[PDB]
Amino acid sequence: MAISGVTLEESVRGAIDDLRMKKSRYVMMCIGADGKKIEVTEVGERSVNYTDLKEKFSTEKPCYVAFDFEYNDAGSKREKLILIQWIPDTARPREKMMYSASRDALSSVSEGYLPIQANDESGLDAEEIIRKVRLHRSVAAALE
């Protein structure tokens with residue numbers, strides 16, 4: 001970590017682009033070791049659901065998870081893209097600090113995403129996510 005002038009590049013933007021219309025379902029994103037730029041590391045389509053992302057839980061993996069979260073609202077299934085940032089107390093300092101801080105910049109390219117942090121599997125757990133998305137609905141109901 002030297003050049004912390006974290007830049008957002010095209011593959012990142014493209015990943016957001018494909019997820020925005022659900023060509024994909026999740027985009028796990030990472031930042032270079034230098035903190036130089038945010039980059040996509042792994043991407044998956046609609047086959048990857050809540051159960052799958054939880055079995056993919058590795059508390060020491062560099063992460064941001066842009067995921068299309070479908071949930072219940074008023075009896076209707078709504079779709080809200082959520083932007084997860086793993087800030088794990090078990091991860092490497094860079095992953096904890098840089099990923100939490102640089103989420104701000106990613107929020108500009110991530111249209112429609114609600115910033116949600118995961119420290120533990122529980123923050124990546126759909127059931128808690130539903131609950132916090134329920135809370136976010138006060139603003140999430142609008143495009144902001």
# chains A, B, ... in the order shown; residues from 1 in each chain; ligands from 1
call {"tool": "residues_around", "arguments": {"residues": "residue A:10", "least_positions_apart": "4", "cutoff": "9 Å", "atoms": "only C-alpha atoms", "output": "count of residues only"}}
result
3
call {"tool": "residues_around", "arguments": {"residues": "stretch 135-140 of chain A", "least_positions_apart": "4", "cutoff": "10 Å", "atoms": "only C-alpha atoms", "output": "VMD selection string"}}
result
chain A and resid 73 80 to 81 112 to 114 129 to 131 144
call {"tool": "write_last_selection", "arguments": {"atoms": "N, CA and C atoms", "output": "PDB file, in the first residue's frame"}}
result
ATOM      1  N   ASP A  73     -41.278  -7.208   0.409  1.00  0.00           N
ATOM      2  CA  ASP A  73     -41.709  -5.884   0.803  1.00  0.00           C
ATOM      3  C   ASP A  73     -43.178  -5.750   0.497  1.00  0.00           C
ATOM      4  N   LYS A  80     -33.230  -5.205  -4.782  1.00  0.00           N
ATOM      5  CA  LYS A  80     -32.346  -4.134  -4.442  1.00  0.00           C
ATOM      6  C   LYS A  80     -30.935  -4.588  -4.499  1.00  0.00           C
ATOM      7  N   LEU A  81     -30.170  -3.920  -5.287  1.00  0.00           N
ATOM      8  CA  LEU A  81     -28.789  -4.228  -5.419  1.00  0.00           C
ATOM      9  C   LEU A  81     -28.057  -3.723  -4.189  1.00  0.00           C
ATOM     10  N   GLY A 112     -27.620   2.243  -7.644  1.00  0.00           N
ATOM     11  CA  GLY A 112     -28.710   1.417  -7.162  1.00  0.00           C
ATOM     12  C   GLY A 112     -28.330   0.537  -6.002  1.00  0.00           C
ATOM     13  N   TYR A 113     -27.111   0.682  -5.530  1.00  0.00           N
ATOM     14  CA  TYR A 113     -26.602  -0.171  -4.472  1.00  0.00           C
ATOM     15  C   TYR A 113     -26.656   0.495  -3.119  1.00  0.00           C
ATOM     16  N   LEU A 114     -26.993  -0.283  -2.122  1.00  0.00           N
ATOM     17  CA  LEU A 114     -27.001   0.178  -0.762  1.00  0.00           C
ATOM     18  C   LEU A 114     -25.725  -0.350  -0.107  1.00  0.00           C
ATOM     19  N   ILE A 129     -29.505  -9.441   6.494  1.00  0.00           N
ATOM     20  CA  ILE A 129     -29.517  -8.501   5.385  1.00  0.00           C
ATOM     21  C   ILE A 129     -30.943  -8.033   5.095  1.00  0.00           C
ATOM     22  N   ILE A 130     -31.905  -8.972   5.067  1.00  0.00           N
ATOM     23  CA  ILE A 130     -33.320  -8.632   4.849  1.00  0.00           C
ATOM     24  C   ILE A 130     -33.755  -7.600   5.877  1.00  0.00           C
ATOM     25  N   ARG A 131     -33.414  -7.862   7.127  1.00  0.00           N
ATOM     26  CA  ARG A 131     -33.780  -7.012   8.247  1.00  0.00           C
ATOM     27  C   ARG A 131     -33.216  -5.590   8.069  1.00  0.00           C
ATOM     28  N   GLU A 144     -31.714   6.365  -4.367  1.00  0.00           N
ATOM     29  CA  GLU A 144     -30.669   7.083  -3.661  1.00  0.00           C
ATOM     30  C   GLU A 144     -29.795   6.083  -2.915  1.00  0.00           C
TER      31      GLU A 144
END
call {"tool": "closest_residue", "arguments": {"among": "A:85, A:119, A:59, A:7", "to": "residue A:103", "atoms": "only C-alpha atoms"}}
result
A:85
call {"tool": "residues_around", "arguments": {"residues": "stretch 29-32 of chain A", "least_positions_apart": "4", "cutoff": "9 Å", "atoms": "only C-alpha atoms", "output": "list in words"}}
result
residues 1, 6, 12, 36, 37, 38, 39, 40, 41, 42, 43, 61, 62, 63, 64, 65, 66, 85, 94, 95, 98, 99 and 102 of chain A
call {"tool": "write_last_selection", "arguments": {"atoms": "N, CA and C atoms", "output": "CSV table (one decimal), in the first residue's frame"}}
result
chain,number,residue,atom,x,y,z
A,1,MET,N,0.8,-1.2,0.0
A,1,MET,CA,0.0,0.0,0.0
A,1,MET,C,0.9,1.2,0.0
A,6,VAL,N,-6.8,5.5,-5.0
A,6,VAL,CA,-7.7,4.4,-5.5
A,6,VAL,C,-8.5,4.9,-6.7
A,12,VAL,N,-14.5,-2.9,-13.5
A,12,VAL,CA,-15.4,-2.6,-12.3
A,12,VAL,C,-16.7,-2.0,-12.8
A,36,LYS,N,-3.9,0.9,-5.2
A,36,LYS,CA,-3.9,1.7,-6.4
A,36,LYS,C,-5.2,1.8,-7.1
A,37,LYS,N,-6.0,0.7,-7.2
A,37,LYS,CA,-7.2,0.7,-7.9
A,37,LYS,C,-8.1,-0.4,-7.4
A,38,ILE,N,-9.4,-0.2,-7.6
A,38,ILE,CA,-10.4,-1.2,-7.3
A,38,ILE,C,-10.5,-2.1,-8.5
A,39,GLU,N,-10.7,-3.4,-8.3
A,39,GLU,CA,-10.7,-4.3,-9.4
A,39,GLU,C,-11.7,-5.5,-9.2
A,40,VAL,N,-12.3,-6.0,-10.2
A,40,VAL,CA,-13.1,-7.1,-10.1
A,40,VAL,C,-12.3,-8.4,-9.9
A,41,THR,N,-12.7,-9.3,-9.1
A,41,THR,CA,-11.9,-10.5,-8.9
A,41,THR,C,-12.7,-11.7,-9.3
A,42,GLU,N,-14.0,-11.8,-9.0
A,42,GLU,CA,-14.8,-12.9,-9.3
A,42,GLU,C,-16.3,-12.4,-9.5
A,43,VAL,N,-16.9,-13.0,-10.5
A,43,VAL,CA,-18.3,-12.6,-10.9
A,43,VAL,C,-19.1,-13.8,-11.1
A,61,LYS,N,-10.6,-13.2,2.8
A,61,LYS,CA,-10.6,-12.9,1.4
A,61,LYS,C,-10.9,-11.4,1.2
A,62,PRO,N,-10.1,-10.7,0.3
A,62,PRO,CA,-10.4,-9.3,0.0
A,62,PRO,C,-11.8,-9.2,-0.8
A,63,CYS,N,-12.7,-8.3,-0.4
A,63,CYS,CA,-14.0,-8.4,-0.8
A,63,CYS,C,-14.8,-7.1,-0.8
A,64,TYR,N,-15.8,-7.1,-1.6
A,64,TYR,CA,-16.8,-6.2,-1.9
A,64,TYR,C,-17.8,-7.1,-2.6
A,65,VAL,N,-19.0,-7.2,-2.2
A,65,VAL,CA,-19.9,-8.0,-2.9
A,65,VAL,C,-21.1,-7.3,-3.4
A,66,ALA,N,-21.1,-7.0,-4.6
A,66,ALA,CA,-22.2,-6.4,-5.2
A,66,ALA,C,-23.1,-7.5,-5.6
A,85,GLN,N,-19.3,-4.8,1.7
A,85,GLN,CA,-17.9,-4.6,1.9
A,85,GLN,C,-17.6,-5.4,3.1
A,94,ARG,N,-5.2,-4.2,5.3
A,94,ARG,CA,-5.6,-3.6,4.0
A,94,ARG,C,-7.1,-3.8,3.8
A,95,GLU,N,-7.5,-5.0,3.9
A,95,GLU,CA,-8.8,-5.5,3.6
A,95,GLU,C,-9.8,-4.9,4.6
A,98,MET,N,-8.8,-0.3,3.9
A,98,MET,CA,-8.9,0.2,2.6
A,98,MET,C,-10.2,0.0,2.0
A,99,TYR,N,-10.7,-1.2,2.2
A,99,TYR,CA,-12.0,-1.6,1.7
A,99,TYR,C,-13.1,-0.8,2.3
A,102,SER,N,-12.5,3.0,0.9
A,102,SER,CA,-12.7,3.2,-0.5
A,102,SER,C,-14.1,2.8,-1.1
call {"tool": "atom_distance", "arguments": {"atom1": "atom CA of residue A:120", "atom2": "atom CA of residue A:53"}}
result
12.8 Å
call {"tool": "closest_residue", "arguments": {"among": "A:78, A:67, A:2, A:86", "to": "residue A:122", "atoms": "only C-alpha atoms"}}
result
A:86
call {"tool": "atom_distance", "arguments": {"atom1": "atom CA of residue A:100", "atom2": "atom CA of residue A:87"}}
result
6.4 Å
call {"tool": "select_by_dssp", "arguments": {"residues": "stretch 97-135 of chain A", "states": "helix (DSSP H, G or I)", "output": "PyMOL selection string"}}
result
chain A and resi 97-101+103-109+121-123+126-135
call {"tool": "closest_residue", "arguments": {"among": "A:34, A:60, A:111, A:104", "to": "residue A:16", "atoms": "only C-alpha atoms"}}
result
A:111
